Structure formats: structure tokens, C-alpha cells
């Protein structure tokens, strides 16, 4: 309880992440399963990343981009690269998104905080943001965990804003 209040900052960051991530998951019976999986992963419950990823890969309804974002989130928290995640994490439907993703990636390597990263990321399109997530998925240690989460939240915000 006394200890518990000191950890409210990081727990509230995790609540914001799960809220953003769930906002891009279709309102289907499957959504309950994703929520309970995200809850268990954010609670530090023992998880096999390969089992989670195989389950993600074979889910119907989910768009490859939602699978990519969920794939990225699970990789960031559960202590390798999956092709379905790499393929999804892009904005190749606009050649200019790679140009912008590289420039955002350069800036994110300099950030430390979740809010600093989320604030910078929100100046970019959903397409550029997803391509930037793809760049980090290839080199996860290029940015801090808080910065990677800020980027995920910014990406979810821009996808939810277009749908």
C-alpha cells in the first residue's frame, strides 16, 4: 500500500498503453482475450512469447497492422523477429513514410521519457509511425522502453483518429 503508491506512475503508463492498444482492436469476442493477455503480460505473469506470437499470427478479424502493434507490445514486455510483425509495421502505401520514419527514429533515440516521445510522435502520420515502429522492432535497444511505449501510444492515437 505504502510501497504501492510509489509505483503509480509506471502502472498508469501501462494503463494508458493498454487503453490505446485496445482502442485499435475490433469490438469482437476476441477483444476480451487480447485484454486478458495484455493484463497478464503487464502484471508480470510468466509468458512464452512464441506461444503468444503464434496465437496472434493465426487470429481472424485482426488487421496485420493491429497484429504488428500487439506483436511489438508483447516483444517489448515479455522477456527474435517474427515476419508477420516486420511485414505489417510499415506505411509503404506512401513512399514518403520511410523518409519520415527514419527522421522520427533519429529523434526518438535522443528521448528518455514516455511523454517526450509521445509528443514528438504525434506530429507524424499513422503510416510514418508504424514504419518507425518497424525500424525499432529490428533494433529494440535503439530506444528506451518508455520511448517505445510513447511511440506505440502515438501510433494507436493516429490509427484510431483515421477510423
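Numbering follows the first chain given and starts at 1.
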{"query": "Gap size, residue 80 back to residue 79 (deposited sequence, no coordinates)", "finding": "4 to 9"}
{"query": "Comparing 47-55 with 109-117, the one whose average Cα B-factor in the PDB entry is higher", "finding": "47-55"}
{"query": "Stretch with the greater mean C-alpha B-factor as recorded in the entry, comparing 23-31 against 90-98", "finding": "90-98"}
{"query": "Identity of residue with top Cα B-factor, from 13, 154, 140, 147", "finding": "140"}
{"query": "Most elevated Cα B-factor in the entry, residues 36, 131, 63, 123", "finding": "63"}
{"query": "CA B-factor ranking of residue 74, expressed as a third of its chain", "finding": "middle"}
